[PDB]
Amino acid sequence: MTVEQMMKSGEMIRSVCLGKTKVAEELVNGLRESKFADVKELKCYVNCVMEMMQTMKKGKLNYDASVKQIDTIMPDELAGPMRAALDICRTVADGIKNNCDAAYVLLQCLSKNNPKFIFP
């Protein structure tokens, strides 16, 4: 429930997805600063995170599942802006067959459209 809980859940998801993908930690930190480097392992890190957050399955957005997860994990003042960005970006990755590519396109759009953007 707490923001401290969010920070804990976020650290858990980062750890697991770093371990899976073996991506540089600086690359991942850049995702919070609009540095969306075109690096396969970083795109696949993003896909890992969205799959753990129940936000995508097979590189396709599950809108209802995403909203449920956003609202559980994030405090209200961050969840609201995230929901608005998800609505704005709802169809942005449609027609992109590669899973990591689709997750990454979605992430860029969420960041572009959420002034209070955060990501594990």
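Heads up: residue numbers just count along the shown sequence, starting at 1.
Taking the PDB entry as given, 54 to 62 carries the higher mean Cα B factor of the two stretches 36 to 44 and 54 to 62. Annotation for 105 to 113 versus 19 to 27: the higher mean temperature factor (C-alpha) is found in 19 to 27. Among the modelled residues of the chain, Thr91 sits in the lowest third by CA temperature factor in this PDB entry. Ranked by C-alpha B-factor against the other modelled residues of its chain, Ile70 falls in the middle third.
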